[PDB]
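For reference, the chain that follows is the form deposited in one PDB entry, supplied as structure tokens.
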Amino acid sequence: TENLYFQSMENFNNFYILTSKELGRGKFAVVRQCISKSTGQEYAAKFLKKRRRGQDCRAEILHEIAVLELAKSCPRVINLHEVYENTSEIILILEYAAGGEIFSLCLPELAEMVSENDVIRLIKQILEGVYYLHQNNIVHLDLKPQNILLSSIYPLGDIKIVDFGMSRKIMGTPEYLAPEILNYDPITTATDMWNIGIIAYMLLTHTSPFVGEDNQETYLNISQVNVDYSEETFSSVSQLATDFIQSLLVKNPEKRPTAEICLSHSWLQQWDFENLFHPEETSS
């Protein structure tokens, strides 16, 4: 009895070809690389099932599409290109973020080529995107590093925030949940700022700030905000980076700075050495 809204599957297959590339995303909302047959341009195709856990999800998918559409003008948020639909799926044709996940730069596995200068730039770009979301009363609520992508890694490109499946107005992965989520306090923009704190910590230390031996220990670490700031873990991390993280990883969401205040943090203030600085004392 369900009528389809978006462009037909026959049109999808006419205009695009799926590639064999493995994108390492979920088994329940598959994301595949695809190519426009006309232009050769690469896209990501995300296949969202309309029925999940015995529930109709089409309204929720429609809301997610509404959020991506509102963020079209923000280059820090993945762009939505087209939408298709078949019996069981709504397919989002997304801008392809060829660098993959920022998570890859946070690995123990990686002996690293990521400088503090690069971290500063990535965090600044993340903050630009989240500022834009918060200004439009959207809280992402799933800003794990797996949901922040890169336009490239060689060289290091630009940030693309993805997956607005949990986004709201003003049950994630345990280690990424803010303390207010664990207390069922209401949703605040401050929850996203907590996650930015985690991202910075992981980029700089290549370790998870809260994860424990098991979920019970993870929840203990989060609700107590028990974070390793030891000299060993932070011997190659600047005080200013430490300050930025510590201002975000605080229990009380109301004490966390806004994305806007973060963008003014001293850590992020940097002059591009190839530009001619104009000092306060002028030549006249």
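Only the largest set of C-alpha atoms that superpose within 1.5 Å between the two forms is called the rigid core. Residues carry their position along the shown sequence, with the first being 1.
Student: Between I170 and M171, what class does the number of missing deposited residues fall in: none, 1 to 3, 4 to 9, or 10 or more?
Tutor: Going from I170 to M171, the model skips 4 to 9 residues of the deposited sequence.
Student: Is the mean CA B factor in the deposited entry higher across 33-41 or across 217-225?
Tutor: Between 217-225 and 33-41, it is 217-225 that shows the higher mean C-alpha B-factor.
Student: Please work out which of 21-29 and 264-272 has the higher mean CA B-factor as recorded in the PDB entry.
Tutor: Mean B over CA atoms: larger for 21-29.
Student: When the CA B-factors of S73, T205, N86, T189 are compared as recorded in the entry, which is the largest?
Tutor: Out of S73, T205, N86, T189, the record gives the largest C-alpha B-factor to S73.
Student: Go through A97, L80, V130, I153 one by one and give the residue whose Cα B-factor in the PDB entry is largest.
Tutor: Highest C-alpha B-factor among the listed residues goes to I153.
Student: When the modelled residues of the chain are sorted by Cα temperature factor, does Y184 land in the lowest, middle or highest third?
Tutor: Answer is highest: the recorded C-alpha B-factor places it there.
Student: Can you tell me whether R58 has a C-alpha B-factor in the lowest, middle or highest third compared with the other modelled residues of the same chain?
Tutor: Middle third.
Student: In terms of the chain's CA B-factor thirds, is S104 lowest, middle or highest?
Tutor: As the PDB entry reports it, the C-alpha B-factor of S104 lands in the middle third of its chain.
Student: Looking at the temperature factor on the CA atom of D243, which third of the chain's modelled residues does it land in?
Tutor: Tercile = lowest for this residue's CA B-factor.
Student: Please place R52 in the lowest, middle or highest third of its chain according to the CA B-factor in the PDB entry.
Tutor: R52: CA B-factor falls in the highest third of its chain.
Just so it is clear, the following notes concern the form deposited in another entry, a form of the same protein that is not shown.
Student: If you fit the rigid core and then compare C-alpha positions between this form and the one not shown, only one of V114, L156, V211, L110 moves by 2 Å or more. Name it.
Tutor: So the only displaced C-alpha belongs to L110.
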